[PDB]
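J.: This one's a deposited entry, sequence included:
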Amino acid sequence: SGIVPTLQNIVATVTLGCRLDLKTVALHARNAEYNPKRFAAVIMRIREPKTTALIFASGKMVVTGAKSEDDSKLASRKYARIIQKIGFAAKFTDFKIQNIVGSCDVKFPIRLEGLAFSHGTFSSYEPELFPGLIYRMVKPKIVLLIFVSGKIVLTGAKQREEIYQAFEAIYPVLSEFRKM
Amino acid sequence: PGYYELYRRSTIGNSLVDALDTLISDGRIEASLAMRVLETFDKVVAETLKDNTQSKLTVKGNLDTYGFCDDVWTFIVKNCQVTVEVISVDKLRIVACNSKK
């Protein structure tokens, strides 16, 4: 294909192994918002790497927004370090990436309804609901959002390799339905 | 069944606390009476700012820190432009409460 999808977002979970007083975290950490009435967790953001963590009373958290596996682990470590610095027996445990999202640009337009009619068992296209075509790939198990513009969204991957393999697999069919 | 107390941290509210404390130290009033004045103050400020305020200013700058706890927003804006009715400000702390119950 000659193109390599760009990783745009990585979601990871981390068990800090120790109960937390969310009310206290929200009070001593900067850039933290806590509104239990709507979500039972403290939302905290940091600038390097630019990410957002969801911290729970159970001591477990979700780190989002990271653009690489390293930034994800690194950011996760900083959040844990803050929880500690606040006064908890937090530890960096069970780090695990749960989802990777990537995007592409094949540069050419795509006749989506032709692609949907051709691959009916994998794609759901109804512009009324959503402008992009939803392609549910089997191997690897990656969901793609194909747009008329040639823009491609790939998600559902746990290894960055799946995004790459998903894109290579779809390129031929994308090319086949190129508007030209 | 009351009003926010953040306004007691303002220039006029802090001055009232000062005046109130001198009368307490002079033994001219009881602390309870002072507290009751402060609680009336909270109401009066909320009503005066709501009915006798016309100005509309705007702040533009870099959000250094934000925070949201207990239905309160706190923001520290650095290197910003405050325009009233234009003012350059190195740092500005903003503490705000919900307009709703």
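T.: It's in. Residues are numbered from 1 along each chain as shown, chains lettered A, B, ... in the order given.

J.: Got the phi and psi for whichever residue of chain B sits closest to chain A?
T.: Proximity of chain B to chain A (Cβ to the nearest Cβ) peaks at residue B:68, 3.6 Å away. To be clear about C-beta, it is placed using only N, CA and C from the backbone, and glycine gets the same treatment. Per-residue torsions, residue B:68: phi -140, psi 110 (degrees, to the nearest 10).

J.: That one touches residue A:33, doesn't it?
T.: Yes: counting by Cβ atoms under 8 Å, residue A:33 is a contact partner of residue B:68 at 3.6 Å.

J.: what residues are shared contacts of the two?
T.: By Cβ atoms under 8 Å, 6 or more residues apart in numbering or on different chains, residue B:68 and residue A:33 have these common neighbours: residue A:26.

J.: Now do the SS call for the closest residue to residue A:7 other than its chain neighbours.
T.: Leaving aside its chain neighbours, residue A:7 sits nearest to residue A:102 (5.0 Å; criterion: Cβ to Cβ, 6 or more residues apart in numbering or on different chains). Here residue A:102 is strand, with the state taken from DSSP: H, G, I helix; E, B strand; the rest coil.

J.: List the beta-bridge partners for residue A:102.
T.: Beta-bridge pairing for residue A:102 (DSSP bridges): residue A:7, residue A:154.

J.: Counting residues, name the longest helix you see in chain B.
T.: Using DSSP state H, we find that the single longest helix of chain B is helix B:31-51.

J.: and that one, C-alpha only, in PDB?
T.: Output in PDB follows, covering the C-alpha atoms of helix B:31-51 (Å, rounded to 0.1, in the frame of the first residue of the first chain):
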ATOM      1  CA  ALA B  31     -19.000  36.300  67.600                       C
ATOM      2  CA  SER B  32     -22.400  34.800  66.900                       C
ATOM      3  CA  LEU B  33     -23.700  38.200  65.900                       C
ATOM      4  CA  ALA B  34     -20.700  38.600  63.700                       C
ATOM      5  CA  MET B  35     -21.300  35.300  62.000                       C
ATOM      6  CA  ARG B  36     -25.000  36.300  61.400                       C
ATOM      7  CA  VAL B  37     -23.800  39.500  59.700                       C
ATOM      8  CA  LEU B  38     -21.500  37.500  57.500                       C
ATOM      9  CA  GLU B  39     -24.400  35.200  56.500                       C
ATOM     10  CA  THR B  40     -26.600  38.200  55.600                       C
ATOM     11  CA  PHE B  41     -23.600  39.600  53.700                       C
ATOM     12  CA  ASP B  42     -23.500  36.400  51.600                       C
ATOM     13  CA  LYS B  43     -27.100  37.000  50.600                       C
ATOM     14  CA  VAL B  44     -26.800  40.700  49.900                       C
ATOM     15  CA  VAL B  45     -23.700  40.300  47.700                       C
ATOM     16  CA  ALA B  46     -25.400  37.600  45.600                       C
ATOM     17  CA  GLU B  47     -28.400  39.900  45.100                       C
ATOM     18  CA  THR B  48     -26.500  43.100  44.600                       C
ATOM     19  CA  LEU B  49     -24.200  41.500  42.000                       C
ATOM     20  CA  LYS B  50     -27.300  40.000  40.300                       C
ATOM     21  CA  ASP B  51     -29.400  43.200  40.200                       C
END
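
J.: Which strands or helices does it pack on?
T.: Under the contact definition 3 or more Cβ pairs under 8 Å, 6 or more residues apart in numbering or on different chains; DSSP states H and E, helix B:31-51 sits against helix B:11-25.

J.: If anything else comes up later, I'll come back, but that's it for now.
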